[PDB]
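Any value given below was found using the heavy atoms of this structure, including those in side chains, with hydrogens, waters and symmetry copies removed. Every chain is numbered from 1, with letters handed out A, B, ... down the list of sequences.
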Amino acid sequence: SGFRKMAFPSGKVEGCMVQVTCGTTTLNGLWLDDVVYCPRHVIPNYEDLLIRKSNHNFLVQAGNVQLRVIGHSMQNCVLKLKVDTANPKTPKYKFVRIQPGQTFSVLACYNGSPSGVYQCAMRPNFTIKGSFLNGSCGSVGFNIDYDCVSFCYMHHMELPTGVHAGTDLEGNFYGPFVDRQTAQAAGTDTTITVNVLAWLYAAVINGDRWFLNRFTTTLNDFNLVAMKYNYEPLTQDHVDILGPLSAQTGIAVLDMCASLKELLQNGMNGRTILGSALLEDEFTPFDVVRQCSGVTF
Amino acid sequence: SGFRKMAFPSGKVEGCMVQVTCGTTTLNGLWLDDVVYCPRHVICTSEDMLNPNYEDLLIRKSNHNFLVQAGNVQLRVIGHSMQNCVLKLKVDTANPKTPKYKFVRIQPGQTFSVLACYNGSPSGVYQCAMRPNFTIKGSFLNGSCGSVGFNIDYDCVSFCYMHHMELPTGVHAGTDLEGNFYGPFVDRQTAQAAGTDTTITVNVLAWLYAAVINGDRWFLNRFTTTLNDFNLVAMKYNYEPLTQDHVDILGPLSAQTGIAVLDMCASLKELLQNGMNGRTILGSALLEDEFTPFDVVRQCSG
Ligand SMILES: O=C1N(c2cncc3ccc(F)cc23)CC[C@]12COc1ccc(Cl)cc12
Ligand SMILES: O=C1N(c2cncc3ccc(F)cc23)CC[C@]12COc1ccc(Cl)cc12
Ligand SMILES: [Cl-]
């Protein structure tokens, strides 16, 4: 029993974190095989700024060992520093681009040293509600499937509302953001509906049923309600994905939608669900199944 | 900016997790140097659990009855001893991945990271607090026994908790790494229950200071309170008493934000009376009590 915001074990990623210094800027790098990946803002016309740099300008430190940079190239908003030594701790890995609503673990780092790990979600507005200070750039987001680390995020900046923006590991930004000091803002955010439903199923599995009702709804009627409360539309794919949780608890997906509609129109009336007075949207259907079954890595 | 429930990076602990099997029971062990630490109830059957005589059950076992697996390698048990509710299995190989470590016993209100494990394999990491009633609100299934709680301030791992059992309300009970239980619990299947729980007042105040540091002041008021008037009100909402130690501990956060501890206590009193009126504090509609004054200073900007 119990339901916590749980991150993946971070050890496979900890063994990849390095410190990257160029001039007065120090940030984090990800060392995989013989390449260190980091935000290109560590060095704007980035091609013009990069051509003026030599390999020895990039100081890379892995623990108490200085790695030697033997090459450098830019891919979108990520800088790839070729080093002479392959990381002996390189895990089995892939670079994957995630979709809004998907969750991942963040290993927050400062000076190439990991300080904490937390779980978060890519918001529908492409920002992440992270916890980062100056020096955290280059910190990464990931998931683990069996023994393979799927790197999905690299931290680049903080927006004026305190939320965060970054790229995939191929340097493509999530969201309409750019890596430069200019007027940028997070767009209006929405709630991840499929994730709220997954969390309601987790609450039922853990013994909370007060919000259940005898009613059902249609996808069309539910989506009219979701639009009114700034909730993302629910698709037939989302309904299909919630199939296993619907079969386990005996509550059809549109039956849980009628519970959610009632919660949106009436509130919680002083009650809580899994220790929360707000509807939680940062657990996917897969996260719920994984935590309620104890999958290991 | 931002404020998350943050766990310590788990790698140093992942390299210590092993699987311990005795008869039909399999659970997790912590391998440090040449010793594997695990709950002593690994020697029990489900029947034995009502009134187990651990000394009598242990004397009947030999070293080869304990199967210890570290990854795909079987370790050899060369000795065994019991210390309180923990079993210490001496092995013939020291863990080459043993980090710098200490065993620390924590007090209620302290936080720690839990590396939840099944069959000696880590499945996830989350942040917990030792509740005032000595239980933890964890997330554990059958097979999670032997999973550990820890803190990693600097490069040293301080092991503070080892998971032993789930109580009927879904909360969890365990020991320090010397095998002493937190609270009045026993590693027996007798009728046991968590006592009435209370809110960790010093942690709620720390979290209100975190909200002020992050730019939120809506909840502040023009009032102050004596410590005794604060405690008389707070006890009516099942909040733990605030002591002069707690007031002293909140000194640095008070100096940084310019809000006196007793002035923040007055704001807490008003929040308990009024509720949040549709507002949130650091993305939460409830008053959060699982961040210590030390956690706030560590995570927040100076
Ligand atoms: O947002 C930024 N940074 C921060 C990142 N994460 C949390 C931060 C928290 C506070 C802070 F002051 C800065 C933070 C540091 C660099 C910087 C400042 O200006 C930039 C412009 C463009 C780009 Cl790509 C990056 C940045
Ligand atoms: O609570 C217990 N266990 C569980 C632990 N953590 C989450 C569990 C979740 C579910 C579950 F069914 C068991 C869990 C497994 C062993 C067991 C069953 O009875 C006991 C009595 C005394 C002691 Cl010391 C231990 C136990
Ligand atoms: Cl303590």
Side-chain angles (χ1 to χ4, degrees), chain A residues 116 131 133 162 272 275-278, chain B residues 1-6 106-112 127-134 136-137 151 153 196-277 279-302:
Chain A
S131 176
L133 303 174
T272 61
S276 172
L278 291 179
Chain B
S1 308
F3 205 72
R4 283 278 187 178
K5 193 138 282 207
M6 200 177 286
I106 62 170
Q107 294 301 305
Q110 184 62 266
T111 60
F112 56 96
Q127 191 72 352
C128 251
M130 176 58 58
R131 303 304 311 169
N133 70 0
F134 291 101
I136 79 172
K137 290 180 172 175
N151 286 289
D153 310 300
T196 66
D197 203 26
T198 51
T199 301
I200 311 155
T201 313
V202 66
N203 285 4
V204 175
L205 290 169
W207 172 84
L208 289 177
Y209 277 114
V212 173
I213 290 170
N214 285 18
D216 221 338
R217 306 180 43 110
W218 70 256
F219 47 84
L220 299 178
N221 65 27
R222 69 174 184 93
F223 302 111
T224 191
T225 179
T226 64
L227 182 59
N228 201 55
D229 281 352
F230 175 76
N231 285 327
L232 287 172
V233 173
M235 261 91 128
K236 297 163 184 182
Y237 297 93
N238 272 20
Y239 266 58
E240 276 296 292
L242 193 75
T243 66
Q244 189 52 236
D245 270 14
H246 295 144
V247 171
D248 292 348
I249 286 167
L250 291 160
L253 290 170
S254 172
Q256 184 187 335
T257 65
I259 303 160
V261 175
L262 292 177
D263 281 6
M264 194 59 93
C265 287
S267 166
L268 182 45
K269 285 163 76 182
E270 189 167 278
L271 281 163
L272 293 173
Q273 166 190 276
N274 295 355
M276 289 198 198
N277 199 16
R279 289 172 291 202
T280 61
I281 295 171
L282 292 173
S284 171
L286 288 182
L287 303 180
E288 174 70 58
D289 75 346
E290 296 205 347
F291 294 100
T292 70
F294 186 99
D295 291 345
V296 170
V297 163
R298 183 166 198 279
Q299 181 174 174
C300 288
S301 176

Query - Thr280(B) backbone acceptor or donor facing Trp218(B) side chain under 3.5 Å - result: yes
Requested in this report: Go through the steps for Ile259(B) and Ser254(B) under the test side-chain contact (heavy atoms from CB on, under 4.5 Å), then give the verdict.
Outcome: CA-CA 5 Å; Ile259(B) 303 160; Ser254(B) 172; 5.7 Å; no
Requested in this report: Give a yes or no on whether the backbone of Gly2(B) and the side-chain of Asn214(B) come within a donor-acceptor separation of less than 3.5 Å.
Outcome: yes
Report task. Please step through side-chain contact (heavy atoms from CB on, under 4.5 Å) for the pair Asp263(B) and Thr225(B), ending with a clear verdict. Result -> CA-CA 7 Å; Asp263(B) 281 6; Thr225(B) 179; over 6 Å; no
Requested in this report: Using atom types as modelled and distance alone, determine if a side-chain donor or acceptor of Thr199(B) lies under 3.5 Å from a backbone N or O of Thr201(B).
Outcome: no
**Report entry** Validation row: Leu271(B), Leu208(B) side chains within 4.5 angstrom (heavy atoms)
**Finding:** yes
Report task. Measure the spacing between CD of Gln273(B) and CG of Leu268(B) and express it to the nearest 0.5 Å. Result -> 11.5 Å
Query raised in the report: Is the number of heavy atoms from other residues, nucleotides or ligands under 6.0 Å of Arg298(B) CZ greater than 12?
Result: yes
Requested in this report: May I ask you to check if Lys5(B) and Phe291(B) form a cation-pi contact, with NZ or CZ under 6.0 angstrom from the six-membered ring centre and within 45° of the axis?
Outcome: yes
**Report entry** Exam field: side chain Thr257(B) to backbone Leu253(B), donor-acceptor pair closer than 3.5 Å
**Finding:** yes
Query raised in the report: Is there a side-chain contact between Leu250(B) and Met264(B), using heavy atoms and a 4.5 Å cut-off?
Result: no
**Report entry** Within-4.5 Å side-chain heavy-atom neighbours: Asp229(B) and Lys269(B)
**Finding:** yes
Query - Euclidean distance, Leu262(B) CG relative to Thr224(B) OG1, rounded to 0.5 Å - result: 5.0 Å
Query raised in the report: Can you check whether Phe219(B)'s main-chain N or O pairs, donor with acceptor, with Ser267(B)'s side chain at less than 3.5 Å?
Result: yes
Query raised in the report: How many angstroms lie between atom OG of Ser1(B) and atom CG of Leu133(A), to the nearest 0.5 angstrom?
Result: 8.0 Å
Query raised in the report: For atom CZ of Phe294(B), is the number of surrounding heavy atoms from other residues, nucleotides or ligands below 6.0 Å larger than 12?
Result: no
Query raised in the report: Between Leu282(B) and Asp216(B), does a side-chain contact (heavy atoms from CB on, under 4.5 Å) hold up when you go through it step by step?
Result: CA-CA 8 Å; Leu282(B) 292 173; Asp216(B) 221 338; 5.8 Å; no
Report task. Measure from the side-chain N and O atoms of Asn151(B) to the backbone N and O of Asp153(B), and report whether any donor-acceptor pair falls under 3.5 Å. Result -> no
Query raised in the report: To the nearest 0.5 Å, what is the distance between OG (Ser131(A)) and CE (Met6(B))?
Result: 3.5 Å
**Report entry** Distance (rounded to the nearest 0.5 Å) between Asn274(B) CG and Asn277(B) CG
**Finding:** 8.0 Å
Query raised in the report: Where is the tightest heavy-atom contact between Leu286(B) and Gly275(A), given as atom of each residue plus distance?
Result: CD1-O, 3.4 Å
Query raised in the report: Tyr209(B) side chain to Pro252(B) main-chain N or O, any donor-acceptor pair under 3.5 Å?
Result: no
Report task. Working to the nearest 0.5 Å, report the span between CH2 of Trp207(B) and CG of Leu205(B). Result -> 11.0 Å
**Report entry** Nearest non-hydrogen partners of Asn203(B) and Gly109(B), listed with the distance
**Finding:** ND2-O, 3.0 Å
Report task. Answer yes or no: is there an ion pair linking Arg131(B) with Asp289(B), defined by an N-O contact shorter than 4.0 Å? Result -> yes
Requested in this report: Test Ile281(B) against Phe3(B) for side-chain contact (heavy atoms from CB on, under 4.5 Å), laying out the working first.
Outcome: CA-CA 10 Å; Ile281(B) 295 171; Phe3(B) 205 72; over 6 Å; no
Report task. Would you kindly say whether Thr111(B) and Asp295(B) are connected by a side-chain donor-acceptor distance under 3.5 Å? Result -> yes
Query raised in the report: Between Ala129(B) and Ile200(B), what is the shortest heavy-atom contact and its length?
Result: CB-CD1, 4.3 Å
Query raised in the report: Closest heavy-atom contact between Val202(B) and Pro293(B)?
Result: CG2-CG, 3.9 Å
Query - Expected output: side-chain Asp197(B) to main-chain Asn133(B) donor-acceptor under 3.5 Å - result: yes
**Report entry** Salt bridge flag under 4.0 Å for residues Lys137(B) and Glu290(B)
**Finding:** no
Query raised in the report: Hey, are the side chains of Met235(B) and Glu240(B) touching, using non-hydrogen atoms and a 4.5 Å cut-off?
Result: no
Query raised in the report: What is the minimum heavy-atom distance between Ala206(B) and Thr292(B), and which atoms define it?
Result: CB-C, 3.8 Å
**Report entry** Test item: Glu270(B) side-chain N/O and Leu220(B) main-chain N/O as donor-acceptor pair under 3.5 Å
**Finding:** no
Query raised in the report: Does atom CG of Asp248(B) have more than 12 heavy-atom neighbours, drawn from other residues, nucleotides or ligands, at distances under 6.0 Å?
Result: yes
